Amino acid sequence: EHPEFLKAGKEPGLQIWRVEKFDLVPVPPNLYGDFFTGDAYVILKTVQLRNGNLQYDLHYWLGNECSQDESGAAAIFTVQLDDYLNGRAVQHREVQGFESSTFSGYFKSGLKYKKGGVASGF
């Protein structure tokens, strides 16, 4: 029933949400690739396979200064999204500065970080 779940994984592309106050909030597309060190994010990459089905990779990205509610919520939302996608996503934990090559490769300009972030829900 959550509106962002209903939008998740419908078309090939890249969807990024930030944990804000115990909710999953879309990131403005202009900010893609620039992550607040103070925050946690959930990223769904959807790929079209030639056979016609969609392939899903879920990454949760943890900033070095994100609060425990944010990192915890990002992990939980990742599990819940995977369940909504019928378990067909692969889950990946991404820590600031140690992200996988696959994750980095989603961003043509590479990954960048920014001071600050949204306030903790705790």
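All residue numbers are counted from 1 along the displayed sequence.
*Asks:* Among the other entries of this protein that were compared (only those with both neighbours built), does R50 lack coordinates in at least a third?
*Replies:* Comparison shows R50 dropped in at least a third of the other entries.
*Asks:* Going by the mean C-alpha B-factor recorded in the entry, which is higher: 17 to 25 or 98 to 106?
*Replies:* If you average the C-alpha B-factors of 17 to 25 and of 98 to 106, the larger mean comes out for 98 to 106.
*Asks:* Give the stretch, out of 31 to 39 and 48 to 56, with the larger mean C-alpha temperature factor in the deposited entry.
*Replies:* The deposited B-factors put 48 to 56 ahead on the C-alpha mean.
*Asks:* Within this chain's modelled residues, let me know which third the CA B factor of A89 belongs to: lowest, middle or highest.
*Replies:* According to the entry, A89 has a C-alpha B-factor in the chain's highest third.
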